[PDB]
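To start, the structure itself, in C-alpha cells.
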Amino acid sequence: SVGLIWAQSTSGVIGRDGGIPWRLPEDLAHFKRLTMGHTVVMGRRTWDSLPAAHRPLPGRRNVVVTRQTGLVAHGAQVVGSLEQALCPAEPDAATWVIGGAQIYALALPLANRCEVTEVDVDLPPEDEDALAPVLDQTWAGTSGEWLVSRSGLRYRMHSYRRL
Ligand SMILES: NC(=O)c1ccc[n+]([C@@H]2O[C@H](COP(=O)([O-])OP(=O)(O)OC[C@H]3O[C@@H](n4cnc5c(N)ncnc54)[C@H](OP(=O)(O)O)[C@@H]3O)[C@@H](O)[C@H]2O)c1
Ligand SMILES: Nc1nc(N)c2c(n1)CN(C(=O)COc1ccccc1N1CCC(C(=O)O)CC1)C2
C-alpha cells in the first residue's frame with residue numbers, strides 16, 4: 001500500500017530553488033505526524049534539499065532513489081529505482097512517497113492514496129519549478145475546510161483514494 005504526500009500551491013508548484021517557496025508550519029507538522037514511524041521514499045534531489053537537522057528524517061526509514069551507483073546517503077538506504085524502493089527486504093505496513101516531482105510521477109501509477117495540502121499562495125510558476133502530479137478521473141477525494149495558518153496563508157487538506 002503506497003501513498004503519496006505533498007504540499008502544492010493552488011497553481012501546482014511544489015518546489016523552487018531547491019526548497020519549498022512558502023512557509024506553512026501547520027503543514028510541516030501534519031507531514032511529520034502522518035509519516036512518523038513509516039518508510040519515506042524520496043528522489044535524490046529531495047534528499048539533497050533536506051536541511052541538516054532533517055537529513056535523514058528522524059524516526060522514519062529513509063529510502064533515496066538515484067541512478068548513481070555508489071551514492072552513499074548517510075542515514076538512508078540507497079536504491080536504484082522506485083520499484084526497488086517498494087520491494088524492501090523488510091516490509092513496512094505503510095510506505096509514503098514524499099517527492100519530489102520526478103518521483104511522484106513514477107509513483108502515482110503504483111499508489112492508492114494521495115494526501116495533498118493545497119496552499120493559497122500566489123506563485124506564478126517559473127521555468128525551473130518542480131510541479132505537482134495531476135490526479136485524473138481514476139482518483140476521487142474529500143476536502144477539509146479552508147484554514148488560515150498562524151503565518152497568514154490559506155490552506156486546506158485533501159485526501160484522495162484510487163477508485
Ligand atoms: N512541496 C512538497 O510537498 C515537496 C515535496 C518533496 C520535494 N519538494 C521539492 O521538490 C524539489 C525536488 O524535486 P525534483 O523533481 O527536482 O527531484 P526528485 O524527484 O526529488 O529527485 C530527482 C532525482 O531522482 C532520481 N531518479 C529519477 N527518476 C529515477 C529513476 N527512474 N530511477 C532512478 N532514479 C531516478 C534522480 O537521481 P540522480 O540524479 O541521483 O540519478 C533524479 O535526479 C525541491 O525543490 C524540493 O524542495 C517539495
Ligand atoms: N512531502 C511533503 N508533504 C508535505 N505536506 C510537506 C512536506 N513535504 C514538507 N512540508 C513543509 O511544510 C515544509 O517542510 C520543511 C521546509 C523547510 C525546511 C524543513 C522542512 N521540514 C522540517 C521537518 C521535516 C520532518 O521531520 O518531517 C520535514 C521537512 C509539508
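Numbering starts fresh at 1 for the residues of each chain in the C-alpha cells, the chains themselves are lettered A, B, ... in the order given, and ligands are numbered from 1 as they appear.
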Give me, as CSV, each residue of chain A that comes within 6 Å of ligand 1, together with its shortest interatomic pair and the distance in Å at one decimal, counting only C-alpha atoms and all ligand atoms, with rows ordered by chain and rising residue number.
```
residue,atom,partner,partner_atom_place_in_ligand_line,distance
A:6,CA,ligand 1,3 (O),3.4
A:7,CA,ligand 1,3 (O),3.8
A:8,CA,ligand 1,1 (N),5.4
A:14,CA,ligand 1,1 (N),3.8
A:15,CA,ligand 1,45 (O),3.5
A:16,CA,ligand 1,45 (O),4.6
A:17,CA,ligand 1,45 (O),5.9
A:18,CA,ligand 1,45 (O),3.9
A:19,CA,ligand 1,47 (O),3.4
A:20,CA,ligand 1,47 (O),4.8
A:42,CA,ligand 1,20 (O),5.8
A:43,CA,ligand 1,21 (O),3.5
A:44,CA,ligand 1,23 (C),4.5
A:45,CA,ligand 1,21 (O),4.0
A:46,CA,ligand 1,20 (O),3.7
A:49,CA,ligand 1,47 (O),5.6
A:65,CA,ligand 1,34 (N),4.7
A:66,CA,ligand 1,34 (N),3.5
A:67,CA,ligand 1,41 (O),3.6
A:68,CA,ligand 1,41 (O),5.1
A:80,CA,ligand 1,33 (C),4.9
A:81,CA,ligand 1,32 (N),4.2
A:98,CA,ligand 1,6 (C),5.4
A:99,CA,ligand 1,6 (C),3.8
A:100,CA,ligand 1,20 (O),3.5
A:101,CA,ligand 1,15 (O),3.5
A:102,CA,ligand 1,19 (O),3.6
A:103,CA,ligand 1,19 (O),4.2
A:130,CA,ligand 1,15 (O),5.3
```
Go ahead and dump the residues you just picked, C-alpha atoms, as a tab-separated table (two decimals), in the first residue's frame.
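Now in out-v9.tsv:
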```tsv
chain	number	residue	atom	x	y	z
A	6	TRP	CA	2.79	16.60	-1.00
A	7	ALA	CA	2.01	20.26	-0.49
A	8	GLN	CA	1.27	22.44	-3.52
A	14	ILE	CA	5.77	22.14	-5.16
A	15	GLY	CA	9.41	23.20	-5.39
A	16	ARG	CA	11.61	26.12	-6.33
A	17	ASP	CA	15.29	26.96	-5.85
A	18	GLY	CA	15.97	23.68	-4.05
A	19	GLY	CA	13.26	24.17	-1.47
A	20	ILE	CA	9.55	24.89	-0.95
A	42	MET	CA	12.23	10.23	-2.00
A	43	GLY	CA	14.21	11.24	-5.06
A	44	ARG	CA	17.86	12.12	-4.72
A	45	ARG	CA	17.19	15.83	-5.33
A	46	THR	CA	14.71	15.91	-2.44
A	49	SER	CA	17.18	19.53	-0.27
A	65	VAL	CA	16.07	6.82	-5.29
A	66	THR	CA	19.02	7.56	-7.60
A	67	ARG	CA	20.66	6.28	-10.77
A	68	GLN	CA	24.09	6.84	-9.18
A	80	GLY	CA	18.25	2.32	-7.99
A	81	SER	CA	14.56	2.52	-8.95
A	98	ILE	CA	7.48	12.13	-0.21
A	99	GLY	CA	8.64	13.58	-3.56
A	100	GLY	CA	9.82	15.27	-5.47
A	101	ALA	CA	8.16	15.87	-8.84
A	102	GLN	CA	10.13	13.25	-10.76
A	103	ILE	CA	9.47	10.57	-8.15
A	130	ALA	CA	9.02	21.46	-9.63
```
Practice problem: Check which residues fall inside 8 Å of ligand 2 when counting only C-alpha atoms and all ligand atoms, and print them as an MDAnalysis selection string. | Solution: chainID A and resid 4:7 19:20 22:33 35:36 50:51 54 57:58 97:100 115:117
Quiz item: Please, which residues of range 34-98 of chain A, numbered as in this document, come out strand (DSSP E or B) from DSSP, as a ChimeraX atom specification?
Solution: /A:39-43,61-65,77-79,95-97
Practice problem: Go through A:55, A:37, A:10, A:63 one by one, measure the shortest atom-to-atom distance of each to residue 153 in chain A using only C-alpha atoms, and give the residue with the smallest value. | Solution: A:10
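Between residue 92 in chain A and the residues A:159, A:69, A:39, A:151, the shortest atom-to-atom distance, using only C-alpha atoms, involves A:39.
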Exercise. Give me the residues within 7 Å of residue 76 in chain A as a PyMOL selection string, counting only C-alpha atoms and dropping any in the same chain fewer than 2 places off.
Key: chain A and resi 56+62-64+73-74+78
Quiz item: If you count only C-alpha atoms, which residues fall within 9 Å of residue 11 in chain A, apart from same-chain ones fewer than 3 positions away, as a PyMOL selection string?
Solution: chain A and resi 8+119-125+131
With only C-alpha atoms as the counted atoms, please give the residues lying no more than 12 Å from residue 138 in chain A, apart from itself and same-chain residues fewer than 4 positions off, as an mmCIF file with N, CA and C atoms, in the first residue's frame.
```cif
data_model
loop_
_atom_site.group_PDB
_atom_site.id
_atom_site.type_symbol
_atom_site.label_atom_id
_atom_site.label_comp_id
_atom_site.auth_asym_id
_atom_site.auth_seq_id
_atom_site.Cartn_x
_atom_site.Cartn_y
_atom_site.Cartn_z
ATOM 1 N N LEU A 108 2.908 7.618 -8.870
ATOM 2 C CA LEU A 108 1.452 7.739 -8.946
ATOM 3 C C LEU A 108 0.774 6.487 -9.491
ATOM 4 N N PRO A 109 1.246 5.857 -10.580
ATOM 5 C CA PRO A 109 0.570 4.643 -11.078
ATOM 6 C C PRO A 109 0.582 3.496 -10.093
ATOM 7 N N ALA A 111 0.281 3.907 -6.718
ATOM 8 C CA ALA A 111 -0.214 4.367 -5.432
ATOM 9 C C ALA A 111 -1.723 4.208 -5.336
ATOM 10 N N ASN A 112 -2.207 4.090 -4.108
ATOM 11 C CA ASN A 112 -3.643 4.008 -3.877
ATOM 12 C C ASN A 112 -4.162 5.198 -3.098
ATOM 13 N N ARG A 113 -3.281 6.053 -2.593
ATOM 14 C CA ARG A 113 -3.726 7.159 -1.767
ATOM 15 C C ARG A 113 -2.814 8.353 -1.984
ATOM 16 N N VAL A 134 -0.770 15.527 -11.540
ATOM 17 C CA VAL A 134 -2.185 15.782 -11.772
ATOM 18 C C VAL A 134 -2.933 14.481 -11.530
ATOM 19 N N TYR A 160 -7.143 11.811 -1.179
ATOM 20 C CA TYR A 160 -7.569 11.116 -2.385
ATOM 21 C C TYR A 160 -7.304 9.624 -2.285
ATOM 22 N N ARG A 161 -8.225 8.836 -2.840
ATOM 23 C CA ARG A 161 -8.049 7.398 -2.929
ATOM 24 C C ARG A 161 -8.372 6.951 -4.341
ATOM 25 N N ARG A 162 -7.694 5.892 -4.775
ATOM 26 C CA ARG A 162 -7.967 5.321 -6.083
ATOM 27 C C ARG A 162 -9.365 4.702 -6.100
ATOM 28 N N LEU A 163 -10.148 5.034 -7.125
ATOM 29 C CA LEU A 163 -11.471 4.446 -7.298
ATOM 30 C C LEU A 163 -11.364 3.003 -7.737
#
```
Exercise. List every residue of range 11-77 of chain A that DSSP, applied to the backbone, labels as alpha helix (DSSP H), and write the result as a PyMOL selection string.
Key: chain A and resi 25-35+44-49
Save the residues we just selected, C-alpha atoms, as a tab-separated table (two decimals), in the first residue's frame?
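The resulting file, part.tsv, is reproduced below:
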```
chain	number	residue	atom	x	y	z
A	25	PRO	CA	4.23	25.35	9.92
A	26	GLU	CA	0.90	23.55	10.32
A	27	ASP	CA	1.59	21.52	7.20
A	28	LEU	CA	5.12	20.62	8.27
A	29	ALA	CA	3.62	19.29	11.49
A	30	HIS	CA	0.91	17.40	9.57
A	31	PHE	CA	3.58	15.81	7.38
A	32	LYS	CA	5.65	14.82	10.41
A	33	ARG	CA	2.72	13.29	12.25
A	34	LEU	CA	1.44	11.33	9.22
A	35	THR	CA	4.83	9.89	8.29
A	44	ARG	CA	17.86	12.12	-4.72
A	45	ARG	CA	17.19	15.83	-5.33
A	46	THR	CA	14.71	15.91	-2.44
A	47	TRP	CA	17.24	14.11	-0.22
A	48	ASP	CA	19.76	16.81	-1.14
A	49	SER	CA	17.18	19.53	-0.27
```
